[PDB]
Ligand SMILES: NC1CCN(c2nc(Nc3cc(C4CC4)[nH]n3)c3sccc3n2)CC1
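Next up: just one chain, as C-alpha cells, the form solved without this ligand.
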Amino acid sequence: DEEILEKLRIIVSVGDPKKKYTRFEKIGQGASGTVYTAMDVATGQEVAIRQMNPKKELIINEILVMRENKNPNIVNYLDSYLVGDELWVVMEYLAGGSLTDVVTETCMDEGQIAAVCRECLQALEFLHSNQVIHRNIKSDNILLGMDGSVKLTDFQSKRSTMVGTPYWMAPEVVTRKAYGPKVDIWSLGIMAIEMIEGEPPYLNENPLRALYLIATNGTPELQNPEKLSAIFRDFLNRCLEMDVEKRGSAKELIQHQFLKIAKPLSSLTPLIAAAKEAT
C-alpha cells in the first residue's frame, strides 16, 4: 500500500472534488469504477469522472503516463483525487456524441470519412510511439465535439463462450498470435468500412462464423465496391492487409493521398446535428 499511495499523492491534487464539480450523471459502466459526466464549477468545462475503489493496478503508472503524455486526439487526463474509500480520475469530455450515432443516422461522404480517419491516425501515431496499443478502435470509442473535434476514448479464456462479435479485430488477434500496434490500423480500416456502409461488418453472422471469416478471408466483403473512389479503396486496402508487414503503420498512413481529400472538421457538425435530431 505504501508505493501505491505515495505515487498517487505526488500527482493527485488536494481539495474536495465534490465542491469543484456539479451536475453529476452516470454514463459508465465501470468496470472499472463508475464513470460520471459533470461540470467544472469554476470554468464550465464538462468532464468525465471515473470513481473506483482494488486487487492491485497499473493505475498509478497509466495515470502518470497520461498526465505526462497528452494529445489533442485522445481524451486526456485532467486531474485526480483520493475521495474516502475511493479514487476519482477526471478526464476530458465532448458533447457531440459517438461516431456510431453519426454512422447510424447519416450518410457520411468521403471527405468527412477522410477527416475522421486523419484525426484517428494522429491519435494512433501518438499512442503507438508511446508503446500503447488501443485494441478497441471502433465507432463506439470515437467521441465527437460540437466543433467537430475527434478524440479516441477507452484504451478472453479459450473456454469461455463468445457473446459479442469481435468485428473490429485483426486476423492475428483472433488467431491468438503475438501482435503489435498494426492491429489498430486493421480496426481503423474496419471502422472506415462501417462509416461508408453505415453499420459494422458481420452483422448477420454468429460470433464464431465471423471469427472464422476474419482469420481466413481477412477483410469483410465490401457490400458495394463500385461506390468507392479508387483512392478510398486504396486506403482501405492498405489498412486491411492480412500480412502485417505489408499493412501500413500509422505514420505511413498519415501520408496517404486519401487523407488529402479531408474536409475541415467543421464539416462534421452538420452530421452531429442530424444524429442528435435522430436520437
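One rule holds for the numbers: they count along the sequence shown, beginning at 1.
This next part talks about the form solved in complex with this ligand, which is not shown.
Contact with this ligand in the bound PDB entry, judged as any non-hydrogen atom within 4.5 angstroms, is confined among 189-197, 139-147, 169-177, 107-115 to 139-147. This ligand is not shown here, and in the bound PDB entry it never comes within 4.5 Å of any heavy atom of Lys7. Interface membership of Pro181, defined by any non-hydrogen atom within 4.5 Å of this ligand in the bound PDB entry, is ruled out. This ligand is not shown here, and in the bound PDB entry it never comes within 4.5 Å of any heavy atom of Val83. Proximity of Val35 to this ligand in the bound PDB entry: non-hydrogen atoms within 4.5 Å are present.
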